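Report on the structure
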2 protein chains.
Amino acid sequence: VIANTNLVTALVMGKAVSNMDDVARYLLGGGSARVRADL
Amino acid sequence: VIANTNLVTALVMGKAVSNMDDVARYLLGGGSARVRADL
């Protein structure tokens, strides 16, 4: 999803990377089901 | 100075804006002296 860091870049620049939050917080200091399948 | 929000843009994206702080704050909710002159 795009939220709160991808948004500014997508709206003013024209791109938005997925792991933008990770790149940011690094750059600056900062239910399994059961289904009958046949193996 | 480009600090803590222009950094990600200028590094991954390759662009920057002057008032990035304020456009971020809006897009999402979030010395005198006396000299001798001739007037």
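Residues numbered from 1 in each chain as written, not as in the entry; some residues may be left out. Chains lettered and ligands numbered in written order. Part of a larger assembly, values for the part shown. Heavy atoms only, no water.

Method of determination for the deposited model, per the PDB record: cryo-EM, at 4.43 Å resolution.

**Thoughts on the relation of the copies chain A and chain B**
Aligned on chain B, chain A shows an RMSD of 0.5 Å; the corresponding rotation is 179 degrees and the shift along the axis is 0.1 Å. Within this description, the copies of the chain are treated as partners about a two-fold rotation axis. (Least-squares fit on C-alpha atoms.)

**Some thoughts on the interface of chain A and chain B**
At the interface, 11 residues of chain A touch 14 residues of chain B. Looking only at chain A, the three residues that lose the most surface to chain B are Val8, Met13 and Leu27 of chain A, adding up to 43% of its buried area. Here chain A is connected to chain B by zero residue pairs in polar contact. At the level of elements, α1 (6-13) and α2 (20-27) of chain A are the ones that each hand at least two residues to the side of chain A that touches chain B. Per-element tally for the side of chain A that touches chain B: the top contributor is α1 of chain A, with six residues. Of the residues in the side of chain A that touches chain B, the class split is eight nonpolar, two polar and one charged. (Contact = heavy atoms within 4.5 Å. Buried area = accessible area lost by both parts, 1.4 Å probe. Polar contact = N/O pair within 3.5 Å; in protein donor to acceptor, adjacent residues only side chain to side chain. Helix = DSSP H or I, 4+ residues; strand = E, 2+ residues; numbered from the N terminus. Nonpolar A, V, L, I, M, F, W, Y, C, P; charged D, E, K, R; others polar.)

**Some thoughts on the side chain of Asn6 of chain A**
Residue and element names in this part refer to chain A. Within the secondary structure layout, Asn6 lies in helix α1. With relative accessibility at 5%, the residue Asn6 sits in the buried group. Side-chain polar atoms of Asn6 contact the backbone oxygen of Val17, separated by 2.3 Å. Residues within four places of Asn6 in sequence aside, it is in contact with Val1, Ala16, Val17, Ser18 and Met20. (Buried < 20%, exposed > 50% of the residue type's maximum accessible area, 1.4 Å probe, protein only.)

**Quick word on the side chain of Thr9 of chain B**
Among the secondary structure elements, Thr9 of chain B is positioned in helix α1 (residues 6-13). Assessed through its relative accessible area of 1%, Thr9 of chain B is described here as buried. Ignoring sequence-local partners within four residues, the contact set of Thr9 of chain B consists of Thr9 and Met13 of chain A together with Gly14, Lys15, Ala16 and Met20 of chain B.

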